[PDB]
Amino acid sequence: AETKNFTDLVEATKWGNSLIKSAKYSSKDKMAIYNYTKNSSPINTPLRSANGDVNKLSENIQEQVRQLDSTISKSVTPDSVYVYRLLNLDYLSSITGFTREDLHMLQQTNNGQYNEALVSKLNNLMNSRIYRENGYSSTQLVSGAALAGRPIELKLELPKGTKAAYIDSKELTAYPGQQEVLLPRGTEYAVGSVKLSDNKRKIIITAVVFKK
């Protein structure tokens, strides 16, 4: 079978539920997922501040991280699939070579459309490079199901069998309807390209995730 790319919410929900069923979540699993979706800053900020080094975190946070790591690893993708991580322009401050001025100019769109030259520069700066998200990665099975107004769309191809938690169920998330797929902390992805969306109103960063 070929890679999945969902545009229909019903099909996505059906596919996601299969992961939820295979997960066999306990009350402890449900609590970890829910609390993260509702208040994740206490966990991901310190993780980002010390790379993926859980050993530099306070005891309460290390326990919650080990717990959530364990919950997410309880299910894997049954098919190769694309998930979308919508991001703001601040994300680009982490890219080497893109100057403070490039961003300044980048925010100056032409009726919403982004500068093609600066996007090409991003492509040049990011292509074939492996990036790593130190916090957990909150994504959506269907692009636009959440925060659809954001500038950047990180299109991530997930290999079949990689750890991932589909959590769009009323008991798992404080924000139902975002078709959220939560990826392991430390997710690594090799950027294939950086281009303007079809309508040039978003910057699409396409990458392939390394099976986790």
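So that there is no doubt, residue numbering starts at 1 and follows the sequence shown.
Legend: mean Cα B-factor per stretch from the PDB entry, 163-171 versus 44-52; the higher mean is in 44-52.
Here 127-135 and 110-118 are compared by their mean Cα B-factor, and 110-118 comes out higher. Looking only at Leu141, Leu86, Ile72, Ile95, the residue with the top Cα B factor in the deposited structure is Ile95. Taking the deposited Cα B-factors for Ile61, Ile33, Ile152, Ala145, the highest one is held by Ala145.
Among the modelled residues of its chain, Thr187 has a C-alpha B-factor that falls in the lowest third according to the deposited record.
Annotation for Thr37: C-alpha temperature factor in the middle third relative to the rest of the modelled chain, per the entry. The deposited CA B-factor of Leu196 belongs to the middle third of values across its chain.
Among the modelled residues of the chain, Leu9 sits in the highest third by CA temperature factor in this PDB entry. Looking at the C-alpha B-factors along this chain, the one for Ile203 belongs to the lowest third.
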